[PDB]
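Summary of the model geometry
Residues per chain, in single letters:
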Amino acid sequence: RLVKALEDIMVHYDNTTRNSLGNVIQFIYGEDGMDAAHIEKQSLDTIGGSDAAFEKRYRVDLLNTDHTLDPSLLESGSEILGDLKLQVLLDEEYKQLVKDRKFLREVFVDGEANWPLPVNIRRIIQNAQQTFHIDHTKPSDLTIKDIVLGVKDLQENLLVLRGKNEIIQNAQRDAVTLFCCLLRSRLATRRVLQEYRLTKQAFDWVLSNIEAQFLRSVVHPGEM
Amino acid sequence: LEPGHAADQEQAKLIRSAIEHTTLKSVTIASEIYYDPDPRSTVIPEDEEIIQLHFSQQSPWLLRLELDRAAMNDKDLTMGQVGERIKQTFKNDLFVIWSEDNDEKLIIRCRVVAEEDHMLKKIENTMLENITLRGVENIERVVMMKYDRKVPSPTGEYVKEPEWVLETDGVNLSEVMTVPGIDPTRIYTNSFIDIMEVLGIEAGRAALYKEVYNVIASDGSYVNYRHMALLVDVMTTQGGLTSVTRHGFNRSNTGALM
Amino acid sequence: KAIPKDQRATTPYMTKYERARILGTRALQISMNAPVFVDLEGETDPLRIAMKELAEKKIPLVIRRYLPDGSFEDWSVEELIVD
Amino acid sequence: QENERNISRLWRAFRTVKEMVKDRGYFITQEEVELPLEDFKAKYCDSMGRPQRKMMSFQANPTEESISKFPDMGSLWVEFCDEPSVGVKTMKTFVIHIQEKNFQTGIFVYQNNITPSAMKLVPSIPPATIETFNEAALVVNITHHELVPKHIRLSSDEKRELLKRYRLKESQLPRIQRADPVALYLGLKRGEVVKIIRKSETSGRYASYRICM
């Protein structure tokens, strides 16, 4: 019975999910356009934890020393201290994360943190680390602008839908909401500098992969 | 329960009593019909000690019946309500006196204003089952259980945290949804048909997903979300639930050869 | 019908069904002695020749992708991206 | 005691209606929806201890931007009746009172039932519209429940747009029923499209559309 009921639903070439008559069943497949086989359980790192821990993990302030960043993480950290053009960004970033932590606790009301998502990011971190032989105990060529812009830019490329009007540009807004939340938590600058210590060269490789993999996870129109 | 009144057994007990359906025939031991002719004096010894006791027209057939304490003291009750319940039930044509809650034989007796002993007999039937002491319909055996509930802490991390939760046999969603003291938002039912009627289709869909996911996951399996959501969406795109049967989908207009 | 080339909105990648059907027909054609737009460096299996052309973007076909309403965009395999 | 109950109940049912209309777009001051119980009877119940529904009734107008969205939107009269059953003559007044003052639409709470006489009285005066609400239904605002997601009515302009972005005929949309409770709580009419926005465990936020068949 199940097969004869959902026998003709098919993912169409606009990511709707319509049956033989053409009625929309869902407006993107599975509400994110992702292919089931490309999903993996990963952990949203902003949902959980005490806020103190959340503060400790993501907060970065240059001008003041409550959560300051030790320069020896990166080359230009010395002359960074107390900047202000950038000390703006960090908040704007850290603002975003706070919104996410707020948002996710609305989505997952029981603070559940491990959820199946497309591209596995940890694994993309490693492959970068090992491919480039990440010399810890050694500062990094990355500059706060490249990180924060890098993440913020990348999101514009994760295209599930690529129409050009207003309606479509908001579906696309949504399809990648939760995924971006993940991607932001993983790639916050504190992590990138302190924890992964990626070089300039490593980063864009991490970025350019996440784009390549993500785009491969989209469901293929024509799929029954 | 109400959001503040989480894990206060007492407050829970009051609600459980507030909705659990209680008919008379669940508290009473047995009903007797006499012919004690004088309205005032009663051949039964005790009834006199209460006849004047509240006398300080009516038929000669005493109808008297007897309740357990522990029954009447489980979902505990006061005959003061119970009487007025009867009083409010028919009329004030059926005079009623009842024993005191202190009294060691929980006693209610009544009288009336061809032969009635059949109509008298009729009366107790009604009294037996047609009379609800309290509760709502269809709601029996309101178990009261404890549940942990991960909630955030004031430090902002999640902590398990318990609460009382009245499970229930039988369903009457709309009625129970208003009974004060409960949290009328987060109330559930495994009969998603009723959710669809009371909260409309979109909730009916989300409840439906909930029920399928229980069936699947109950035995430990795990199906990716999109497969279940896709099904649950097919069942609710006409508004209202469509069964996966000859009647449901095979009655759409999807081409005869299909 | 015929969405204009500047308004094509569907994905710029090759769905795996497009890739499978392309290599089918292309191989089928080759197996009918259709001319071959690549140097068969020793290859003799029509499917393997087809996988070679496709890797050189030398298959002269084009994919007509029907939208659910009835209209369609046209992509030429030479311009679609393969994974 | 019993009166107290039917105060609190009638208290809440009131609050719902004020929310329901506020959601429907009209202007309701925020903190007037939250009018506590005591000031309620201290405003609406007689001193003797009874509720004067017949003056609880009230009127409200489209917020200034709803006109910017639905300009044809007009004012609306909310009314409670007191006789537990409602006969024609009571409704006879309503259908004209709505007509005379000529609001866009009028909502008729009641308490126990409506005599099928006045039941036919309703579909009487277009372009007005008459909605009845057994106040039992209103004691709980169902849209606050968790499983109910935010529904949002769509200006016939947006509708005309969405059908074009997806290339849809109206019949190809997911449906809703005008009898559906949430449809009632906003008073849709056939051919209106609500946009449903729910939380989605796979993409955070997701937006769906049902047309009110």
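Residues numbered from 1 in each chain as written, not as in the entry; some residues may be left out. Chains lettered and ligands numbered in written order. Part of a larger assembly, values for the part shown. Heavy atoms only, no water.

1. Things to note about the overall build of chain C
Along its length, chain C carries two helices and two strands. Ordered by position from N to C terminus, the α and β elements of chain C give α-α-β-β. C-alpha atoms of chain C, sized along the principal axes, occupy 45 × 20 × 20 Å. Scored against the burial criterion, the 83 residues of chain C give a buried share of 34%. When contacts within chain C are restricted to residue pairs at least 6 apart in sequence, long-range pairs at least 24 apart make up 48% of them. When the accessible surface of chain C is summed, it comes to about 4900 Å², and 55% of that surface belongs to carbon and sulfur atoms. Averaging the positions of the 13 positive and the 14 negative side-chain charges in chain C gives two centres separated by 3 Å. (Helix = DSSP H or I, 4+ residues; strand = E, 2+ residues; numbered from the N terminus. Buried < 20%, exposed > 50% of the residue type's maximum accessible area, 1.4 Å probe, protein only. Contact = heavy atoms within 4.5 Å. Areas by Shrake-Rupley, 256 points an atom, 1.4 Å probe, with all protein chains shown as cover. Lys, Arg positive; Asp, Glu negative; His and termini not counted. Charge placed at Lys NZ, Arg CZ, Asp CG, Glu CD.)

2. Side note on the environment of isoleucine 216 of chain B
Residue and element names in this part refer to chain B. Relative to the helices and strands, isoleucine 216 is located in helix α7 (residues 192-218). We classify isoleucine 216 as partly exposed; its relative accessible area is 27%. In sequence terms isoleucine 216 and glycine 181 are 35 residues apart; their C-alpha atoms lie 34 Å from each other. Once residues lying within four places of it in the same chain are set aside, the contact partners of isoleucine 216 are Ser221, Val223 and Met228.

3. Comments concerning the sheet that holds strand β6 (residues 175-176) of chain D
All names here are of chain D. Spatial ordering of the open sheet is given by β5-β7-β8-β6, a layout of four strands whose pairing is mixed. Each edge of the open sheet carries a strand with a single partner, namely β5 (150-153) and β6. With two bridges joining them, β6 and strand β8 (residues 204-212) adopt parallel strand pairing. The partner of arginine 175 across the bridge, within β8, is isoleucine 211. (Pairing = 2+ DSSP bridges.)

4. A look at the pairing of strand β3 (residues 105-110) of chain D
All names here are of chain D. Most of β3 is tucked away, with six of its six residues classed as buried. Of the two faces of β3, the one holding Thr105, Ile107 and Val109 and the one holding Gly106, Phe108 and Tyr110 are both buried throughout. Remark: the strand β2 (residues 76-79)/helix α5 (residues 88-101)/β3 crossover connection has right-handed handedness. (Right-handed = clockwise from strand over helix to strand, strands pointing away.)

5. Examining the interface of chain A and chain B
Listed per partner, the contact involves 30 residues of chain A and 23 residues of chain B. On the surface where chain A and chain B come into contact, there are two salt bridges. A salt bridge links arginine 226 of chain B to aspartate 32 of chain A; its shortest N-O distance comes to 2.4 Å. Where chain A meets chain B, there are eight residue pairs in polar contact. For the side of chain A that touches chain B, the leading source of residues is helix α1 (residues 2-5) of chain A, giving three residues. (Salt bridge = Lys/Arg side-chain N within 4 Å of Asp/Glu carboxyl O. Polar contact = N/O pair within 3.5 Å; in protein donor to acceptor, adjacent residues only side chain to side chain.)

6. Some words on the packing of aromatic side chains
Counted by the stated rule, this structure contains 20 aromatic pairs over all chains. Ring geometry for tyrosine 35 of chain B and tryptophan 61 of chain B: centres 4.4 Å apart, planes at 80°, overall edge-to-face. Residue classification places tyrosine 35 of chain B among the partly exposed positions, given a relative accessible area of 46%. Since its relative accessible area comes to 18%, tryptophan 61 of chain B is described here as buried. Measuring from ring centre to ring centre gives 5.9 Å for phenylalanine 14 of chain D and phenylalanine 40 of chain D, while their planes differ by 45°; the resulting arrangement is tilted. Residue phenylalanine 14 of chain D is located in helix α1 (residues 2-23), and its partner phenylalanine 40 of chain D is located in helix α2 (residues 37-41); the two are separated by 26 residues in the primary sequence. (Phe/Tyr/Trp six-rings, centres within 6.5 Å; stacked < 30°, edge-to-face > 60°.)

7. A word on the pattern of salt bridges
Taken as a whole, this structure holds 43 salt bridges over all chains when the rule is applied. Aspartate 204 of chain A serves as the salt-bridge partner of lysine 200 of chain A, at 3.1 Å between the closest nitrogen and oxygen. Of this pair, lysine 200 of chain A and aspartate 204 of chain A both sit in helix α10 (residues 200-216), four residues apart, roughly one helical turn. Look at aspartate 204 of chain A and you get partly exposed, because its relative accessible area is 27%. For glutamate 135 of chain D, the salt bridge is made with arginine 53 of chain D, and the minimal N-O distance between the two is 3.0 Å. Highlighted residues: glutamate 135 of chain D in the loop between β4 (130-134) and β5 and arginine 53 of chain D in helix α3 (residues 53-56), separated in sequence by 82 residues. For the pair formed by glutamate 135 of chain D and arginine 53 of chain D, the shared burial category is buried. Where salt bridges share partners, they join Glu31 of chain A, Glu202, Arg205 and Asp233 of chain B together with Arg198 and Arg210 of chain D into one cluster.

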